[PDB]
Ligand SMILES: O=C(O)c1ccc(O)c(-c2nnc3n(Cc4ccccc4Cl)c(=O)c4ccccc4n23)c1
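Below you'll find only one chain, the form solved without the named molecule, shown as structure tokens.
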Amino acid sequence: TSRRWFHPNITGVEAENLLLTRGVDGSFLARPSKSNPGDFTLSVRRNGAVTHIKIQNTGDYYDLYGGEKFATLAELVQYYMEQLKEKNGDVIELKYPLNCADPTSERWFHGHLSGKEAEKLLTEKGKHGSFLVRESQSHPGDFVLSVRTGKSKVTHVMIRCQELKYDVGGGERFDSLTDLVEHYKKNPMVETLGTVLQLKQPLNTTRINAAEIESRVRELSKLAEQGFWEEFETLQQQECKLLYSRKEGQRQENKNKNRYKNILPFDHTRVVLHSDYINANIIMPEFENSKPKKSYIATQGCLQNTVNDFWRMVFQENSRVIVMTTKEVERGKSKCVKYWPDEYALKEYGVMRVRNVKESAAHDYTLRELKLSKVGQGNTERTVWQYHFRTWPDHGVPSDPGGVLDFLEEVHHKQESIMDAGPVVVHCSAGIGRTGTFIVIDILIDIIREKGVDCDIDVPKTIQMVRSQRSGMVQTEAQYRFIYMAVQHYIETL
């Protein structure tokens, strides 16, 4: 499982040179789009030439130009390595990934961190095994590896840069900082007196106290003359660890139940309907109390032939709340089929019977009180509250988290008020972009709800934990910053 084919600091011209001199026909790489920030590019080599295929993402998915829509770049790349065609019909071959040697996106690489700033972090945040790599000041071009062991101590090892190859003063000589680190993780260094410098896990510098969210947002926003980009791209590199199987979704008899062909649900977290398939996953927050914990069901916008399966899941999971964060139509394109009856009306969706009891209209969202019951069974009725957010921009995210927070605050209070309420159903278009931003924002403030302003939160660690339960939760970096902005705003209104 690799993601080294993504080059975060390369230009289009630098990519053509890399592919023509250090690659062969079939070699490929991915990079951020420089002419159109927020987008990405897939540089592939063919018949001695290089092709640049664009990849756009406004918050819903990764749209490959002339290709398909994917939940993650790794999932996109894996899909084609096991037909991608130009818009002229020619077949593209993604054969040999061109590995990147830039360590910017590594969890343990901290750039120009100082030795004093490093020793401080390693002493107050680190445990046995915590390690990090920083740039050297007294020896420009070199790097410094600091490991903590323990009664406890911090050990500093120098990394020399000689002729574009790295070494720790002796032994083997590696082509990249990453190769050197992995080698000494599998084969840790040992001092003559017995001390083993075990590189267990990288020092955590993203966990913050909820109180200092504003000062942490200020830091991640500074100009080079941005930290958000470093924190985010370092998280995107970790997505190659989340390639769980999606067999049931790929089955022939389930293809037409997916809104997007390749955006499929994980097998180990998909909702099994007790004719068992639906593009949805259970999101159970896991972290390292007397109140029942809240779970979620991230799913896609209903298709005309999946509305019956949607209400079967809602009834089966005992869900009492539904969060819709998209219009039925956006930019003249269908994003979710109407799965609820007109106000005061009564419809039958297969064996399920739904009545739209009442609709309450605000500017940002509409609320519908639906009464769900199993046809032919009297003692099965229950109320289901559908919160339909309608003011989310077509592209990007809202400029202010105000409306979204008041929206989710009401959603939280309706759930808390219903005894034995099942998971909260949250859907969108593909159910990964906006649906991921809402669930992540809800999980993060629920932690603050129960522990207070003085508690520890880890935005990246939380997103990663949620991404292992549905492909590509939280799509873009704009939704990333918006998550920090939301947690920061919610804290300022207390």
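All residue numbers refer to positions in the sequence shown, first residue = 1.
Same protein, other form: the form deposited with the named molecule bound, not shown, and the subject of what follows.
Query raised in the report: Given the named molecule superposed in from its position in the deposited bound form using nearby C-alphas, should this pocket be scored open or blocked (3 or more ligand atoms within 2.4 Å of backbone or C-beta)?
Result: By the 2.4 Å criterion, open.
**Report entry** Among the candidates 250, 256, 304, 275, the residue which, in the deposited bound form, approaches the named molecule to within 4.5 Å (heavy atoms)
**Finding:** The residue from 250, 256, 304, 275 that makes the contact is 250.
Report task. Scan 79, 96, 174, 349 and let me know which has any heavy atom within 4.5 Å of the named molecule in the deposited bound form. Result -> Contact check passes for 79.
Requested in this report: Would you mind picking out the stretch of 236 to 244, 184 to 192, 334 to 342, 165 to 173 that comes within 4.5 angstroms of the named molecule in the deposited bound form, counting non-hydrogen atoms?
Outcome: Selected range: 236 to 244.
Query raised in the report: residue 384: heavy atom within 4.5 Å of the named molecule in the deposited bound form?
Result: Residue-level check for residue 384: no, no contact with the named molecule.
**Report entry** 4.5 angstroms heavy atom contact with the named molecule in the deposited bound form for residue 136
**Finding:** Close contact is absent here: in the deposited bound form, residue 136 is far from the named molecule, nothing within 4.5 Å, heavy atoms only.
**Report entry** Distance check, residue 264 to the named molecule in the deposited bound form, heavy atom within 4.5 Å
**Finding:** Looking in the deposited bound form, residue contacts with the named molecule include residue 264, since a heavy atom lies within 4.5 Å.
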